[PDB]
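Single chain ahead, written as structure tokens, the form deposited in one PDB entry.
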């Protein structure tokens, strides 16, 4: 049972800008997704201070980066607070309508695309390098859901059939044909060091057989 939804007008316009604007500095997508993961880890850490049972679904707070050259995917996994179905549908828990409006105003006034994270809509920078994005998420006391979009004005949400994750979010980037550099170990290391060197959680970069 798959539900298909239209993006709000503002988000469709944001995604179009990201996909259609000439902007060579695409590597900032990774900092934005790592930033989102770190925020989600902060949330479950703070909630667990007054209720330790919220870590019954996993005590380790970390970020994994998983390239797969066969599938042409880069996956960013975190064991953060996860998202409910309502969150997923409501623009993956972002303030995307107001954030987009502010971002667009900033772009008119001298900002550039790399500042997208400042406005709370950094997730959508995935579409700098991905033709399709899948978000698998599990919040405590909600079920596991999968969100997916290849832009074009719509997204889908279904309950996730696949392997149970304990808690957190997985963002699966199906990369565009010309963006496979982001599957290379030395390229990913370079970008993490350049933009995400000091953050509050361990990042593990998986290797491939």
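Numbering follows the first chain given and starts at 1. By rigid core we mean the largest C-alpha set that fits within 1.5 Å across both forms. Only residues modelled in both forms are compared.
The same protein also has a form deposited in another entry, omitted here; what follows describes it.
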Subject >> Of 136, 96, 129, 133, the one whose Cα moves 2 Å or more between the shown form and the other one after core superposition >> reply: 96
Original post:
Between residue 32 and residue 98, do the C-alpha atoms lie closer or farther in that other deposited form than in the shown form, with a difference of 3 angstroms or more?
Top reply: closer
**OP:** Would you mind telling me if residue 96 and residue 182 are closer or farther apart in that other deposited form than in the shown form, C-alpha to C-alpha, with a 3 Å or larger change?
**Re:** farther
Original post:
Hey, quick one: aligning on the core, which runs of at least three residues have all their CA atoms off by 2 angstroms or more between the shown form and the other one?
Top reply: 91 to 98
